[PDB]
Amino acid sequence: XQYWXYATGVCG
Amino acid sequence: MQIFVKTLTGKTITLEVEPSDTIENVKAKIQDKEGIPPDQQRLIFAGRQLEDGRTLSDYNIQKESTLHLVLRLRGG
Amino acid sequence: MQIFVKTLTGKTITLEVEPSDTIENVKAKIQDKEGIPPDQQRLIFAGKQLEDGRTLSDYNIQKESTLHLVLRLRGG
Amino acid sequence: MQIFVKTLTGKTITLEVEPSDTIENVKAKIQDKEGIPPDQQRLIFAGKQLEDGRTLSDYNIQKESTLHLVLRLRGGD
């Protein structure tokens, strides 16, 4: 949950 | 007016809002219907994270716009 | 038991697992069908981030539970 | 060669690049088409964030690879 991209959170 | 909020499970919450509603107000409506505290909520529209004191019209969020709700992930 | 994992695409895969299976063992099963390295997977269960080194039983994941697979970025 | 980039709104743009192009060069390419300042661009390929001083070839990016632009969330955990 540190990141977001089209269209979904991303951990990183 | 109506706006839509997409959730990680793919579910869509529908909210009745006005253009002068703040982002704070939208997170409060989500809390009321879903039970998610505002501090756990991040809202994304048009590639940007929405800040609490803007209005919906400040972001050109319009009738039948969709936001993305991205929660904080929980430990334990 | 069986459980399910939902991916980004909306694909749902079924895995045959045991309660003593680690999070790492399950990520290996996911790699085996969708190509994603274990270090680029994070599994989420009921909004909780699952951690390596714990078992499904530690988290009380029981039959037909759904996990959500999320991308994790690789360090450098 | 061409590569693709998926923006935070899900639009896909095409870039003309050479493998020896730096990530920083690639970000300036993006700006020339979409207006996104390099300062706000964070790129990923194959699950890896791309560093500005490195080249495309350092990350094994090939013809018609797709990069994604990503958003770092304010106050992320």
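In case you wondered, yes, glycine gets a Cβ from its N, Cα and C as well.
Features reported for this protein in Swiss-Prot:
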- C:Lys6: ubiquitin cross-link (CROSSLNK)
- C:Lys11: ubiquitin cross-link (CROSSLNK)
- C:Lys27: ubiquitin cross-link (CROSSLNK)
- C:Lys29: ubiquitin cross-link (CROSSLNK)
- C:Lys33: ubiquitin cross-link (CROSSLNK)
- C:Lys48: ubiquitin cross-link (CROSSLNK)
- C:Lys63: ubiquitin cross-link (CROSSLNK)
- C:1-76: domain 'Ubiquitin-like 1' (DOMAIN)
- C:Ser65: phosphoserine (MOD_RES)
- C:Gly76: ADP-ribosylglycine (MOD_RES)
- C:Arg54: site 'Interacts with activating enzyme' (SITE)
- C:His68: site 'Essential for function' (SITE)
- C:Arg72: site 'Interacts with activating enzyme' (SITE)
How many Å separate the Cα atoms of C:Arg72 (site 'Interacts with activating enzyme') and C:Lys11 (ubiquitin cross-link)?
18
With H, G and I counted as helix, E and B as strand and the rest as coil, say where DSSP puts C:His68 (site 'Essential for function').
strand
Which of C:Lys11, C:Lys27, C:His68, C:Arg72, all recorded positions, has a Cβ with the fewest other Cβ atoms inside 10 Å:
C:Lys11
For the residue listed as 'phosphoserine', which residues in the same chain are close in space, meaning a Cβ under 8 Å from its Cβ, but six or more apart along the sequence?
C:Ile3, C:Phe4, C:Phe45
What is the Cβ neighbour count of C:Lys48 (ubiquitin cross-link) at a 10 Å cut-off, with all protein chains included?
13
By a simple count of other Cβ atoms within 10 Å, which of C:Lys29, C:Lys33, the recorded sites in the record, is least packed?
C:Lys33
Over the span of the domain 'Ubiquitin-like 1' (C:1-76), count residues by DSSP class, listing helix, strand and coil in order.
15 helix, 27 strand, 34 coil
Among the recorded positions C:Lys33, C:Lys48, C:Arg54, C:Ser65, C:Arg72, say which ones reach under 8 Å of chain D by Cβ distance, listed as they appear in sequence.
C:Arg72
How many neighbouring Cβ atoms, not counting its own, are there within 10 Å of the Cβ of C:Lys6 (ubiquitin cross-link)?
17
Cross-chain proximity of recorded positions to B (CB under 8 Å), evaluated over C:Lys11, C:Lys27, C:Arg72, C:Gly76:
none
Taking CB atoms only, which of the recorded positions C:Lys11, C:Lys27, C:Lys48, C:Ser65, C:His68, C:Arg72 fall under 8 A from chain A?
C:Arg72
Taking Cα atoms as reference points, rank the recorded positions C:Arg54, C:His68, C:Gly76 by distance from C:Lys48 (ubiquitin cross-link) and give the first.
C:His68
